[PDB]
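Chemist: Sequence first, structure after; it's an experimental one.
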Amino acid sequence: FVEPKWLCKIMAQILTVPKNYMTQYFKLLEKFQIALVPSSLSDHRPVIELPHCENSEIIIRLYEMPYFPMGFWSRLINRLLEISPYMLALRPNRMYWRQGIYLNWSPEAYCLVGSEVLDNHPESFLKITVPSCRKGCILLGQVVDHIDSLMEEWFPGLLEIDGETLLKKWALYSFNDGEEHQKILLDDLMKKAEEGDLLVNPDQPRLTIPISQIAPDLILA
Amino acid sequence: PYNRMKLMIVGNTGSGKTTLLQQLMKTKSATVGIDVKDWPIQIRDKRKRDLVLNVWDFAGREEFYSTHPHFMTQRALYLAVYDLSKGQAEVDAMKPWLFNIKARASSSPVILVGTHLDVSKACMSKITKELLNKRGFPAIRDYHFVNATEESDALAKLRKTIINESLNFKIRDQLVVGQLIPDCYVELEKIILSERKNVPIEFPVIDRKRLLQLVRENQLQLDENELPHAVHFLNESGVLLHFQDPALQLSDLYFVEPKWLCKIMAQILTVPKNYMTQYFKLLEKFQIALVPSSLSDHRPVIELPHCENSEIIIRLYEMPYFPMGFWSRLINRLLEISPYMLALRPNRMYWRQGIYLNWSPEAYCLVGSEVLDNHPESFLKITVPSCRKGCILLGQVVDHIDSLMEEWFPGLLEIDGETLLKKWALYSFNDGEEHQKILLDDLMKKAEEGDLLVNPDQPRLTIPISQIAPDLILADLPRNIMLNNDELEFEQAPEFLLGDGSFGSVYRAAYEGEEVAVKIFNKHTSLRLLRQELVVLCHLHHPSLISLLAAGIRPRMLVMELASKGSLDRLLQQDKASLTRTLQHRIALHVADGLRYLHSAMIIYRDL
Ligand SMILES: Nc1nc2c(ncn2[C@@H]2O[C@H](COP(=O)(O)OP(=O)(O)O)[C@@H](O)[C@H]2O)c(=O)[nH]1
């Protein structure tokens, strides 16, 4: 491509609306993240009543950052497009919007990534919900690896240590027996340093939780 | 004579209703709820029939539309005001309302009223006289171009027309305005009207004990067993509202002064510590609770697992518009009450016009409005996988929708015959690879039950009617049950082979070499009753309940095991000596075991 302003203008032409290069046109249209148009995806979370409530049947992980980078969700959705299967086959149900994916195989083999906003917190979050079963652990591993790879490849400044690091990965655990609520949130690096044992324990050590059912990407689960 | 009738003032937002009403009753702010009132018309003619219309000034704004179909009845006259100012398009903007008057109250008059005559476009009578007269619409009987905010010969003629058109109602020559009632009913109405004043304004509700105390404290001779009929009749006339249904805990509370109830319930759609639970119960009864309205109206992209025309089953439902609270009642009805198995909670993704329950990549179900090109009508496409669990889901969903239509919107099924609701079934002779599923009206396919296949002009192609409409052929049930008609040896016509006299239409036949008792459920009725009985019977499996052998569509029949010694009643009549103490005990034990198993499945065997 010589004279790049023409390429850039032509590629951005369709976001407001040579018979040989149609296929190359579509290929580089996907390379610019224009193709299913990832932009204009209604921006509105559709109500989703997951099969599994109960703090002892789902695994949550957050991803905190001051704002989502510009083309973050587009590249993420494109990256997660059926490239994260529970098994090693079956095509899953998928319900995209501008800030989420929600692949869903079965009532025990689903995965919902998607922005979730909290009260009294101007930051942005990327809560990931996943069932506690084996297939769930597999999905959580794949999703976390894809996100981490995207961050390291496109937005390096979000990982540069000065140290708030501008990206604090949380892991939501609930000592509260699953019945009670308000999952205590623990920074991921602290739990990594808590790999010496295989459990987490509160001030009252009668309670305990295995680190597998909190962050099964650290312990090889 | 009961001189009381409901006048309902329907219309769109901003068009003059409360101002027209203030000038109709000469009674010299956006409506919230339905704003009930009542004005008495003292007719000065020789027939000085002092009638009392109770008006219902319906709110035009859309957010309240979910609760309006609860307050649209037959024994009522309708107005329909439509703001002449924005002419030629405000008439085409109130066609939904007229279609809804048609669906809910199919035989009630409608007096079109064009307000805003001061500003401007009176040639809107053209579209009124061409498109709005008889093409699927609720029998318009007068049309006035009136002003509001001032009385004149226009409003005078409009008021006189309301009076006349009220008195001459005559549903099947009945003259609603002057029918007869037991005098105790009007006495009860007068004591209720007096109780309207002596009740706290913050809570006008009255208690069933307070009503009993009131009817006893005066000379009203209404017995306790008579009160339901009376209070329900006063309910129909819009005096007091009440809900005798025991599913709710409200039957002890009788809503007097209904305008307060309606306003209070619609209060939360714009935003007494004892009745919090009852509050929520009747909030769900009005379809307010998860708020089914304000559900973002935007279909979220859904990439189903299964493309390919030979792996999904489609069914449409065509109608000119969706009725007012249609999708709300439907979503509420489909709320996990349609499981693939007979357990597991499925994933659910609601929006304002869809549900999409989803168990597995082969056990999903997506109901939801789908709009087509070059078709102003509305559709209710239902997608479902072709497997067994899919067939089960399609059966349940179709039955729920059909039930809702027959219960709430009867006018959408009344045959004149376009019928205003044409259920399609999408089949694809195109081998599944190719596309453009040929659409076949369901009734035509029902008449194609003589065979078990559909065949095109080129009969080399064929499709089994199971993989098109498995609710007609008995495939939606578990445990495929058709009776292999080659092995049945039934003879219907002779009374020779009646199972016995007065067992219904149960006959005797020999199926697969053994004698069986075959009930002929065939009649003018549809497969509703047969499929209901087959669903109930298909999963019982107890040694003290009659076992199901087969079922057939040609004709509609049931095949069950044959009890050789007949019913117990005949034994008690004919051979009393055959019963001994051991046999009597065994019969009692077996019937007790049967009832025990039924109650273990939460089923009530009505009479025994
Ligand atoms: N000039 C004029 N104004 C009208 C007429 N009818 C209604 N309006 C205006 O329309 C408004 C009526 O609002 P309303 O119908 O009560 O709203 P609704 O309760 O939602 O139906 C008032 O502000 C009136 O001034 C009319 O015939 N002539």
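Modeler: Looks like it arrived, so ask away. Residues are numbered from 1 along each chain as shown, chains lettered A, B, ... in the order given.

Chemist: what about the residue of chain A found nearest the ligand, which helix or strand?
Modeler: Nearest residue of chain A to the ligand (Cβ to the nearest ligand atom) works out as residue A:44 at 27.7 Å. All C-beta spots, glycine's among them, are computed from the backbone N, C-alpha and C. If you go by DSSP states H and E, residue A:44 is not part of any helix or strand.

Chemist: Checking residue A:180 next. Helix, strand or coil?
Modeler: Of the three states, residue A:180 takes coil under DSSP: H, G, I helix; E, B strand; the rest coil.

Chemist: Count the neighbours of residue A:154 for me.
Modeler: Residue A:154 has 14 neighbours, counted by other Cβ atoms under 10 Å in any protein chain shown.

Chemist: Surely it and residue A:74 touch.
Modeler: No: assessed by Cβ atoms under 8 Å, residue A:154 is found out of contact with residue A:74, at 10.9 Å.

Chemist: For the residue of chain A closest to the ligand, which non-adjacent residue is closest in space?
Modeler: residue B:296 (4.5 Å; Cβ to Cβ, 6 or more residues apart in numbering or on different chains).

Chemist: In the longest helix along chain A, which residues are buried?
Modeler: Taking DSSP state H as the criterion, chain A has its longest helix at helix A:134-154. Under the neighbour-count criterion of 16 or more other Cβ atoms under 10 Å in any protein chain shown, helix A:134-154 has A:135-144, A:146-147, A:150-151 buried.

Chemist: coming back round to it: so the residue nearest to residue A:44 is in contact with residue A:46, correct?
Modeler: Yes: using Cβ under 8 Å, residue B:296 is in contact with residue A:46, at 6.6 Å.

Chemist: what is in contact with those two at once?
Modeler: Both residue B:296 and residue A:46 are contacted by residue B:351, under the criterion Cβ atoms under 8 Å, 6 or more residues apart in numbering or on different chains.

Chemist: Residue A:23 falls within a helix, correct?
Modeler: Yes: assessed by three-state DSSP, residue A:23 belongs to a helix.

Chemist: Give me the number of neighbouring residues for it.
Modeler: 8.

Chemist: now residue A:63
Modeler: Neighbour tally, residue A:63, other Cβ under 10 Å: 21.

Chemist: and it, what is it in contact with?
Modeler: So residue A:63 contacts A:125-128, A:147, A:167, A:169-170 (Cβ under 8 Å, 6+ apart).

Chemist: Phi and psi next, for residue A:186.
Modeler: Backbone geometry at residue A:186, expressed as degrees, to the nearest 10, gives phi -130, psi 120.

Chemist: Helices of chain A, start to end?
Modeler: A:4-11, A:22-31, A:72-79, A:134-154, A:188-193.

Chemist: Against which helices or strands is the third one packed?
Modeler: Spelled out, that is helix A:72-79. Judged by 3 or more Cβ pairs under 8 Å, 6 or more residues apart in numbering or on different chains; DSSP states H and E, the packing partners of helix A:72-79 are helix A:134-154.

Chemist: and the helix it packs on, how far from the chain's centre?
Modeler: 7 Å (Cα atoms, centre = their mean, to the nearest Å).

Chemist: In strands, which of the contacts of residue A:63 appear?
Modeler: A:128, A:170 (DSSP state E).

Chemist: Pull the residues that contact the longest helix of chain A.
Modeler: A:59, A:61, A:63, A:69, A:72, A:75-76, A:79-80, A:83-84, A:86-87, A:103, A:105, A:108-109, A:111, A:113, A:126, A:128, A:130, A:158-159, A:167, A:212, A:216-217, A:221.

Chemist: Likewise for stretch A:69-79?
Modeler: Contacts of stretch A:69-79 (Cβ under 8 Å, 6+ apart): A:30, A:33, A:38-39, A:96, A:98-99, A:101, A:113, A:115, A:146-147, A:150, A:154-155, A:158.

Chemist: So which of those residues is the closest to chain B?
Modeler: residue A:96 (4.6 Å; Cβ to the nearest Cβ).

Chemist: Could I get the contacting residues of the closest one?
Modeler: Taking Cβ under 8 Å, 6+ apart, one finds A:36, A:41, A:77, A:102, B:300-301, B:303 in contact with residue A:96.

Chemist: From what I see, residue A:48 and residue A:114 are in contact.
Modeler: No: the pair residue A:48 and residue A:114 does not pass the contact test of Cβ under 8 Å, sitting 9.0 Å apart.

Chemist: quick one, what contacts residue A:207?
Modeler: A:175, A:177, A:201.

Chemist: Roughly how far does the second one sit from chain B?
Modeler: When distances are taken as Cβ to the nearest Cβ, to the nearest Å, residue A:177 and chain B turn out to be 22 Å apart.

Chemist: Repeat that for the first one.
Modeler: Residue A:175 sits 26 Å away from chain B, going by Cβ to the nearest Cβ.

Chemist: residues in contact with that residue?
Modeler: A:184, A:202, A:207, A:209.

Chemist: Counting neighbours, which of these comes out on top?
Modeler: Most neighbours among the contacts of residue A:175, by other Cβ under 10 Å: residue A:209, with 16 neighbours.

Chemist: For beta bridges, what are the partners of that one?
Modeler: Taking DSSP bridges as the rule, residue A:209 bridges to residue A:200.

Chemist: show me the contacts for residue A:108.
Modeler: Listed by Cβ under 8 Å, 6+ apart, the contact partners of residue A:108 are A:51-52, A:131, A:133, A:135-136.

Chemist: residue closest to the middle of chain A?
Modeler: Nearest to the mean C-alpha position of chain A, counting by Cα atoms, centre = their mean, stands residue A:113 at 4.5 Å.

Chemist: Quick check, that one in contact with residue A:104.
Modeler: No: with contacts counted by Cβ under 8 Å, residue A:113 stays clear of residue A:104, the gap being 11.8 Å.

Chemist: Pretty sure residue A:180 sits against residue A:174.
Modeler: Yes: if you go by Cβ under 8 Å, residue A:180 and residue A:174 touch, sitting 7.5 Å apart.

Chemist: Which one's more surrounded, these two?
Modeler: Set side by side, residue A:180 and residue A:174 show more neighbours around residue A:174, with 20 against 10, by other Cβ under 10 Å.

Chemist: Between the two ends of stretch A:191-204, what distance do you get?
Modeler: Start and end residues of stretch A:191-204 are separated by 18 Å (Cα to Cα, to the nearest Å).

Chemist: what do you get for stretch A:32-47?
Modeler: 30 Å.

Chemist: Residues touching that stretch, excluding its own?
Modeler: Residues contacting stretch A:32-47 (Cβ under 8 Å, 6+ apart): A:11, A:14-15, A:26, A:29, A:71, A:73-75, A:77-78, A:95-100, A:114, B:290, B:295-296, B:298, B:300-301, B:348-351.

Chemist: buried set for that stretch?
Modeler: Within stretch A:32-47, judged by 16+ other Cβ under 10 Å, the buried ones are A:34, A:38, A:41-42, A:45-46.

Chemist: ok, now stretch A:80-100?
Modeler: So stretch A:80-100, judged by 16+ other Cβ under 10 Å, has buried residues A:80, A:84-86, A:92-100.

Chemist: try stretch A:1-19
Modeler: Going by 16+ other Cβ under 10 Å, stretch A:1-19 has no buried residues at all.

Chemist: Check stretch A:212-221 too.
Modeler: For stretch A:212-221, by 16+ other Cβ under 10 Å, it's A:212-218.

Chemist: Using CSV, list the CA coordinates for it.
Modeler: Taking Å, rounded to 0.1, in the frame of the first residue of the first chain, the C-alpha atoms of stretch A:212-221 are listed here in CSV:
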residue,chain,number,x,y,z
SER,A,212,-8.0,-24.7,43.0
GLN,A,213,-11.6,-23.5,43.5
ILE,A,214,-10.4,-19.9,43.5
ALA,A,215,-7.7,-19.6,40.8
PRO,A,216,-7.3,-22.9,39.0
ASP,A,217,-4.9,-21.3,36.5
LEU,A,218,-2.2,-21.0,39.2
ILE,A,219,-2.5,-24.5,40.7
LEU,A,220,-2.3,-26.8,37.7
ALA,A,221,-6.0,-27.6,37.6
